[PDB]
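Colleague: Below are the structure tokens for one structure; questions will follow.
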Amino acid sequence: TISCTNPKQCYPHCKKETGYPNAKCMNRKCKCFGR
């Protein structure tokens with residue numbers, strides 16, 4: 001798990017991890033659109 005206080009961080013990180021950049025972020029959490 002990574003630490004992201006904003007979606008702009010999991011946006012690009014997931015844009016390559018799973019290809020889907022659409023990723024949300026929560027209290028020190030990340031919910032991509034297809035983990």
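Residues in the structure tokens are named by chain (A, B, ... in the order shown) and by number from 1 within that chain; ligands are numbered from 1 in the order shown.
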Per DSSP on the backbone, filter chain A down to the residues in alpha helix (DSSP H) and report them as a list in words.
Modeller: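 Restricting chain A to alpha helix (DSSP H) produces residues 7, 8, 9, 10, 11, 12, 13, 14, 15, 16 and 17 of chain A.
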Colleague: Quick one: write out the picked residues with N, CA, C and O atoms as a CSV table (one decimal), in the first residue's frame?
Modeller:
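Okay, this is what ended up in out.csv:
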chain,number,residue,atom,x,y,z
A,7,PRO,N,-5.5,12.1,-5.1
A,7,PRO,CA,-5.7,11.2,-6.2
A,7,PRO,C,-4.7,11.4,-7.3
A,7,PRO,O,-4.2,10.5,-8.0
A,8,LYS,N,-4.2,12.6,-7.4
A,8,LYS,CA,-3.2,12.9,-8.5
A,8,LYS,C,-2.0,12.0,-8.3
A,8,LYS,O,-1.2,11.8,-9.2
A,9,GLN,N,-1.8,11.5,-7.1
A,9,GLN,CA,-0.6,10.6,-6.9
A,9,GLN,C,-0.9,9.2,-7.4
A,9,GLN,O,-0.1,8.6,-8.1
A,10,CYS,N,-2.0,8.7,-7.0
A,10,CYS,CA,-2.4,7.3,-7.5
A,10,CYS,C,-2.9,7.4,-8.9
A,10,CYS,O,-3.1,6.3,-9.6
A,11,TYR,N,-3.0,8.5,-9.5
A,11,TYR,CA,-3.5,8.7,-10.9
A,11,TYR,C,-2.4,8.1,-11.8
A,11,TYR,O,-2.6,7.2,-12.6
A,12,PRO,N,-1.2,8.7,-11.7
A,12,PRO,CA,-0.1,8.2,-12.6
A,12,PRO,C,0.5,6.9,-12.1
A,12,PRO,O,0.8,6.0,-12.8
A,13,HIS,N,0.7,6.8,-10.8
A,13,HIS,CA,1.3,5.5,-10.2
A,13,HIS,C,0.4,4.3,-10.7
A,13,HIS,O,1.0,3.3,-11.1
A,14,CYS,N,-0.9,4.4,-10.7
A,14,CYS,CA,-1.7,3.3,-11.2
A,14,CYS,C,-1.7,3.3,-12.8
A,14,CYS,O,-2.0,2.3,-13.4
A,15,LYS,N,-1.5,4.5,-13.4
A,15,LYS,CA,-1.6,4.6,-14.8
A,15,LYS,C,-0.6,3.5,-15.5
A,15,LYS,O,-0.7,3.2,-16.6
A,16,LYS,N,0.3,3.0,-14.7
A,16,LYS,CA,1.2,2.0,-15.2
A,16,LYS,C,1.1,0.7,-14.4
A,16,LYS,O,1.3,-0.4,-14.9
A,17,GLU,N,0.9,0.8,-13.1
A,17,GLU,CA,0.8,-0.4,-12.3
A,17,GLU,C,-0.3,-1.3,-12.9
A,17,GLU,O,-0.1,-2.5,-13.1
Colleague: Extract, using only C-alpha atoms, all DNA, RNA and protein residues at most 8 Å from residue 24 in chain A, discarding same-chain residues fewer than 2 positions from it, and format them as a list in words.
Modeller: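 Residues meeting the cut-off are residues 6, 7, 10, 11, 22, 26, 30, 31, 32 and 33 of chain A.
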Colleague: Output the selection as a JSON list (two decimals), in the first residue's frame - C-alpha atoms for each residue.
Modeller:
[["chain", "number", "residue", "atom", "x", "y", "z"],
["A", 6, "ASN", "CA", -4.58, 13.07, -3.12],
["A", 7, "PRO", "CA", -5.71, 11.15, -6.22],
["A", 10, "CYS", "CA", -2.40, 7.29, -7.48],
["A", 11, "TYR", "CA", -3.45, 8.66, -10.87],
["A", 22, "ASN", "CA", -8.40, 6.49, -12.49],
["A", 26, "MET", "CA", -8.36, 7.76, 1.26],
["A", 30, "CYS", "CA", -5.53, 4.06, -2.49],
["A", 31, "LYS", "CA", -8.45, 2.52, -4.43],
["A", 32, "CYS", "CA", -7.48, 2.26, -8.11],
["A", 33, "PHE", "CA", -10.13, 1.41, -10.73]]
Colleague: Residues of chain A classed as strand (DSSP E or B) by DSSP on the backbone are to be reported as a ChimeraX atom specification.
Modeller: /A:23-26,29-32
Colleague: Deliver the residues from the most recent selection as a file, using C-alpha atoms, as a PDB file, in the first residue's frame.
Modeller:
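Writing the result to result-v9.pdb gives the following:
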ATOM      1  CA  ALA A  23      -7.408   5.849  -8.853  1.00  0.00           C
ATOM      2  CA  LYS A  24      -8.902   7.431  -5.712  1.00  0.00           C
ATOM      3  CA  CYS A  25      -7.154   8.001  -2.359  1.00  0.00           C
ATOM      4  CA  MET A  26      -8.364   7.757   1.259  1.00  0.00           C
ATOM      5  CA  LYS A  29      -5.013   4.432   1.277  1.00  0.00           C
ATOM      6  CA  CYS A  30      -5.533   4.063  -2.491  1.00  0.00           C
ATOM      7  CA  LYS A  31      -8.446   2.515  -4.427  1.00  0.00           C
ATOM      8  CA  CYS A  32      -7.478   2.263  -8.114  1.00  0.00           C
TER       9      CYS A  32
END
